[PDB]
């Protein structure tokens, strides 16, 4: 019975021909942000499928090939997620045991040209745009984002409300594995890492899925006990503080690091036949902090413009969020051509309760306090998409 790192090291040890089956190589990939949820969800899916296929649950059922879990960033970028590093360390998962974009490229390359690369999607429900020339078919989906209504024949196809995608993935596999306690012990830090970060320690965004996943982990981690002590929750709380503090730690990173470490890119279609290429970076410190750590406002904005140019963006949006003395705060910063950015912001400013504090929409760079603190990137993107649909051309 291989542990997660043992499973990953086994995959790394195999020829691509023993991973593939009948000229199909199957992967599981999260979204382009490569956050805790995307990483935990992909590894969990792949690992649980492996245990299922090898065990007695899948008797009279059959088939099953390996699924390679993919993290959709360059290998070097992993260390920018200090929370994820901590969680991987708890399970003794080494970076050299993981598969990144470089590895997926090597897989597409070192396999036969006639081999199909099929993907399970977790933590998104359409293929990441950067992988659309690598992935031939989507074969299953487990996600908790807005349903784009693609790949309707996917098996499974779970797109449902959840604090964490990881909860949905775990509960799906837990049922198939008949609650296999060893699997639960072997994945718990990864699963709980995602659930607890995504729900702020089961205090926000909680759904039935997350409650059930947590209940299941608690039962296993406690073991046989005559009564339930406070220790389990105390341990979860200490674990949460470690992961949260590390997610909140971007000291020592470059501006480019900060912009790329929790980043999503979209192309909006409008009335015009050329869409809008837009990138949104989610950041855990406020603009004044970022300026102070990066040589001041001018230097920081220069680095943002460089990032925008490098990624081919019409518009770059920075979304900051933080907590101090119990209260949430957010900011929204936009960089782009003055015409497009003015129109976009004027159309979302009421909903997002935006208040200008720096720059000028007419200059193409403007900075806003966002008093709608409930609106995350998941909400801001559709608002901007709708705003863009109303622009003329």
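Residue numbers count along the first chain shown, from 1.
- Comparing the deposited coordinates for 48-56 and 30-38, the stretch with the larger average C-alpha B-factor is 48-56.
- For the two regions 114-122 and 207-215, the entry's Cα B-factors average higher over 114-122.
- You'll see in the entry that, of 99, 134, 240, 170, the Cα B factor peaks at 134.
- Take 201, 302, 256, 226 and read off each C-alpha B-factor from the entry; 226 has the highest.
- Annotation for residue 193: C-alpha temperature factor in the lowest third relative to the rest of the modelled chain, per the entry.
- Residue 82: CA B factor lies in the lowest third for its chain, per the PDB record.
- Per the deposited record, the Cα B-factor of residue 298 falls in the lowest third when ranked against the other modelled residues of its chain.
- Residue 143: CA B factor lies in the lowest third for its chain, per the PDB record.
- For residue 290, the recorded CA temperature factor ranks within the lowest third of the chain's modelled residues.
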